[PDB]
Amino acid sequence: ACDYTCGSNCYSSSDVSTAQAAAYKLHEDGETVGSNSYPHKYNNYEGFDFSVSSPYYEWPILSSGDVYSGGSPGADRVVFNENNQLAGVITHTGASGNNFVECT
Ligand SMILES: Nc1nc2c(ncn2[C@@H]2O[C@H](CO)[C@@H](O)[C@H]2OP(=O)(O)O)c(=O)[nH]1
Ligand SMILES: [Ca+2]
């Protein structure tokens, strides 16, 4: 079973922790990856009720199992905060335009 299901993509907690760890390191060092400059701030326009406090940052989580290193980010993202706490896992899949819905 999946801990997080984003459309057809299935993720486990370990997939999320690995992705998040790489993103937080880049965040602490002030470095970015890709044309969209990940990780970058997630404004939470959707108004998701996260358990952890703002500010939030987003990083792509890939169905391939590899950690993002540039190129297409896919539709899935891991959202984390300043204290490296997982806020949630979201996706463009099943959401209109460039909006987001939570992964179940
Ligand atoms: N829908 C949405 N997009 C956001 C938010 N914060 C940042 N973005 C980014 O804003 C732009 C327009 O939606 C996109 O670059 C999207 O990023 P990603 O595609 O990199 O996730 C947010 O809270 N909601
Ligand atoms: Ca996996």
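These lines cover the structure that appears in this document, whether it is placed above or below. (Residues numbered from 1 in each chain as written, not as in the entry; some residues may be left out. Chains lettered and ligands numbered in written order. Heavy atoms only, no water. Residues with missing side-chain atoms left out of burial classes, pairs and counts.)

Quick word on the packing of aromatic side chains
Part 1 of the reasoning: Tallying each qualifying case throughout the model produces eight aromatic pairs.
Part 2 of the reasoning: Taking 5.8 Å as the distance between ring centres and 45° as the angle between the ring planes, the aromatic pair formed by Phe48 and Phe50 counts as tilted.
Part 3 of the reasoning: According to the relative accessible area criterion, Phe50 is buried, its value standing at 10%.
Part 4 of the reasoning: One aromatic cluster in this structure is built from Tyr42, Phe48, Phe50, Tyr56 and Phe100. (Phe/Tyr/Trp six-rings, centres within 6.5 Å; stacked < 30°, edge-to-face > 60°. Buried < 20%, exposed > 50% of the residue type's maximum accessible area, 1.4 Å probe, protein only.)

Thoughts on the site of ligand 1
Part 1 of the reasoning: Near ligand 1 there are 14 residues, and of these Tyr38, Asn44, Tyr45, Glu46 and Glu58 occur at the shortest range.
Part 2 of the reasoning: Between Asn43 and ligand 1, the recorded distance is 3.1 Å, taken from a backbone N or O atom to a nitrogen atom.
Part 3 of the reasoning: Between ligand 1 and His92, the relevant distance is 3.3 Å, taken from an oxygen atom to a side-chain nitrogen or oxygen of the residue.
Part 4 of the reasoning: Here ligand 1 has 490 Å² of accessible area as a free molecule, and 73% of this is covered by the chains.
Part 5 of the reasoning: Tallied by class, residues from the shell around ligand 1 come to four nonpolar, six polar and four charged. (Near = heavy atom within 4 Å. Polar contact = N/O pair within 3.5 Å; in protein donor to acceptor, adjacent residues only side chain to side chain. Areas by Shrake-Rupley, 256 points an atom, 1.4 Å probe, with all protein chains shown as cover. Nonpolar A, V, L, I, M, F, W, Y, C, P; charged D, E, K, R; others polar.)

So yeah, pure geometry; function would need other evidence.
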